[PDB]
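# got a structure for you, letters missing:
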């Protein structure tokens, strides 16, 4: 609740709403179908539909090379 940034997710995404944040297994389970965040994992025909956090997905959501910090051309070996 104090991100240094400010922008939620302004990009060429075909959807805008709550800023994509790496949730947790505890939150995902509670999250509804629409609330089922990216880090989570939607389960179809789960007897009554179920959402749960996924480590693999969470890794990708965090390693988006943008959330943690800006990154692109040049970073290692290049500056030499």
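All right, it came through fine. Numbers count the residues shown, from 1 in each chain.

# residue contacts, the most centrally placed residue in the chain?
The centre of the chain sits closest to residue 61, judged by C-alpha atoms, centre = their mean, with a distance of 3.9 Å. Residues in contact with residue 61 (C-beta atoms under 8 Å, 6 or more residues apart in numbering) are 20, 22, 38, 39, 67. C-beta: built from backbone N, CA, C; applies to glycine.

# which PyMOL command selects the buried ones in those residues?
Entered in PyMOL, the line below selects the buried ones among those, by 16 or more other C-beta atoms under 10 Å:
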select buried, resi 22+38+39+67
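
# closest one of the contacts of residue 61 to residue 8?
Closest approach between the contacts of residue 61 and residue 8, by C-beta to C-beta: residue 20, at 8.1 Å.

# residue 45 versus that closest one, what's the distance?
26 Å (C-beta to C-beta, to the nearest Å).

# just send the contacts of residue 61 back as a markdown table, with distance to residue 8 and secondary structure too.
Shown next, in a markdown table, are the contacts of residue 61 (distance: C-beta to C-beta, whole Å; DSSP: H, G, I helix; E, B strand; the rest coil):
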| residue | distance to residue 8 | secondary structure |
| --- | --- | --- |
| 20 | 8 | coil |
| 22 | 14 | coil |
| 38 | 14 | coil |
| 39 | 16 | coil |
| 67 | 12 | coil |
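
# mind checking the longest helix of the protein?
Assignment by DSSP state H gives helix 55-62 as the longest helix of the chain.

# quick one: buried residues of that one?
For helix 55-62, the neighbour count (16+ other C-beta under 10 Å) marks 57, 58, 61 as buried.

# the first one is in contact with residue 39, isn't it?
Put plainly, it is residue 57. Yes: between residue 57 and residue 39 there is a contact under C-beta atoms under 8 Å: 5.2 Å.
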